[PDB]
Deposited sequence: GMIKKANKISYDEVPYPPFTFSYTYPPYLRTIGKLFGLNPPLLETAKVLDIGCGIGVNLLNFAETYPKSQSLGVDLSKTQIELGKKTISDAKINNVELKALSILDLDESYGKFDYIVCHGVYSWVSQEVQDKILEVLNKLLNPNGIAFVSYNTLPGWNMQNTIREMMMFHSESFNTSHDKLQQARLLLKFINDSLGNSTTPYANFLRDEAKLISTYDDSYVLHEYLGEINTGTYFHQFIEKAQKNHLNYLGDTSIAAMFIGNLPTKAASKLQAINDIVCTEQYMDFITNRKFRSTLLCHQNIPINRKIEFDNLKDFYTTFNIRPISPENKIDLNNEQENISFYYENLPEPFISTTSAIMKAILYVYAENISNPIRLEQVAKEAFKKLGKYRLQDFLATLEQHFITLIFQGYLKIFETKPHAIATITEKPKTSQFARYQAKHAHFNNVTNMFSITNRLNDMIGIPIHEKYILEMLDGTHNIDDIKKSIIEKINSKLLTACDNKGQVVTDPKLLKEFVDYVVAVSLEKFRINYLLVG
């Protein structure tokens, strides 16, 4: 019963990919979504909280999981989602047709029958412009993995014996061997670092299977479905690979042959694939006229602040940071570039449009013309949004980066603060932000989260945390070793830790206002 939330199964992200490629996805405000294999179904809750007029239906097999998730829906007071226990073959019609459909990690785990019937239902239960999402493993990535699995299995006949296998692999492959075994000790050494839940569920768990992109897309194309794209935009991106070859891949117009080849070179283990009704055209052309309407986010830190460096000279090279990540990205030289960079640093985790990025750069540096700023943008930014560095939205997420006087957080994250699932190995609680992304939360922040309903000012917070220090609960430490941090020097310690925690909540999309 692991609860998870995924930012790429979020309806507002699916709509971003759809409207990115020229589709016309339905409205989010009234949207109807369906989760097949919902389990607990918290993946549906965030959206439901953000759009109260959007009804949602999860359907799972397990009655224990469905009945648990129903409790979590009552506890959090959510009216927008209903969950039922129904086998997929009990899914036909007579509820309705949904604007968004999410099938996540249940496709490769079921029989050939239901493997066809999932695409069947997704045909009949979808809507004309609706977007379908299906996650499955792939070949030939399933090969090396699956044969590692049969190795750990072939040994035993608990979880530890697998880690001792993988150990034994890395000595057996120790630095006398190097044809292939550089691929084995690599992949296996990657398998060894993983959560004991993940190794148990995937490798030592039930029986899943990898499939082929052309076999899957082909199985949908007989079900009247067309391939939209992937949630990973940095995935389908071509090159990398040399221009003399990439020119051949781009020369042909086929998405299935280009992608199906990209898996073959990259050894792609999984895929998260979007589908639409085949009656609809997709625009694979990237039209900058449409890209100025998509909100942008670049996570970047300044090396030197604006005030202390006047950049009009264009005599300098200024590195910044990307997510820090100490050694930074490329850097100018040209000021019509920097002026875009520093407005991306001002707006960090605060989405603004692409054109308004260009404008704000034109106001920060007022030497040049706007449409030349767009010449920089359209020139090269796209390559960053298709390499995964720059996020794109349309529409702007519901959240704010400003710290209000009585901060407030989503009811879903404020509920999650109470019931959050602790994990060791790093002492953290997983909390869902407005992007459906899971955030590591230190405990002393877990007490701050449930404290923001908008009722409490920052003084009741910086007070309460102190109370939990002296009343511990929370133990505060100076540098000296165990110091326990006694009076009025505590009061300036809490000002800092709370002032930082609220900032983390500001730039992680945890602040609703």
**Q.** Regions left out of the model, expressed as runs of the deposited sequence counted from 1
**A.** 1-15, 173-179
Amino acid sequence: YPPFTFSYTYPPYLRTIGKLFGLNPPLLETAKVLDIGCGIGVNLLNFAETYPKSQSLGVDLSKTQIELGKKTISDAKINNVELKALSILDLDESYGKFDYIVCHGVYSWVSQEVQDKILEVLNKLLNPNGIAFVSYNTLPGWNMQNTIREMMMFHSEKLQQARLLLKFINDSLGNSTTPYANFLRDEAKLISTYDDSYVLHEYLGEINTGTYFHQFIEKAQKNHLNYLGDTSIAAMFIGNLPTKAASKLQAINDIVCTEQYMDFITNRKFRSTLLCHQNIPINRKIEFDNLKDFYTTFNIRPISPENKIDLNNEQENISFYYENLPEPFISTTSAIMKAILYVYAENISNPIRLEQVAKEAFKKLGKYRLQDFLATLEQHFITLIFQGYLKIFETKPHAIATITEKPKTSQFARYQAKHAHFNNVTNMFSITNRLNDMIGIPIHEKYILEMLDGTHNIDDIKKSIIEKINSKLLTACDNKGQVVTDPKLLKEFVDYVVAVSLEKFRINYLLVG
From here on, numbers count along this sequence of modelled residues.
Q: Identify the stretch, either 503-511 or 1-9, whose C-alpha atoms have the larger mean B-factor according to the entry.
A: 1-9
Q: Check the entry's C-alpha temperature factors for 51-59 and 475-483, then say which stretch has the higher mean.
A: 475-483
Q. According to the deposited entry, which of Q356, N436, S304, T296 has the largest Cα B-factor?
A. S304
Q: Identify, among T333, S272, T138, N208, the residue whose C-alpha carries the highest B-factor in the deposited PDB entry.
A: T333
Q. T404: which third of its chain by C-alpha temperature factor?
A. lowest
Q) By the record's CA B-factor, is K367 among the lowest, middle or highest third of residues in the chain? A) highest
Q) Of the three thirds of its chain by CA temperature factor, lowest, middle or highest, which one includes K189? A) middle
Q: Please place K71 in the lowest, middle or highest third of its chain by C-alpha B factor as given in the entry.
A: lowest
(Q) What third of the chain does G440 rank in for C-alpha temperature factor, lowest, middle or highest? (A) lowest
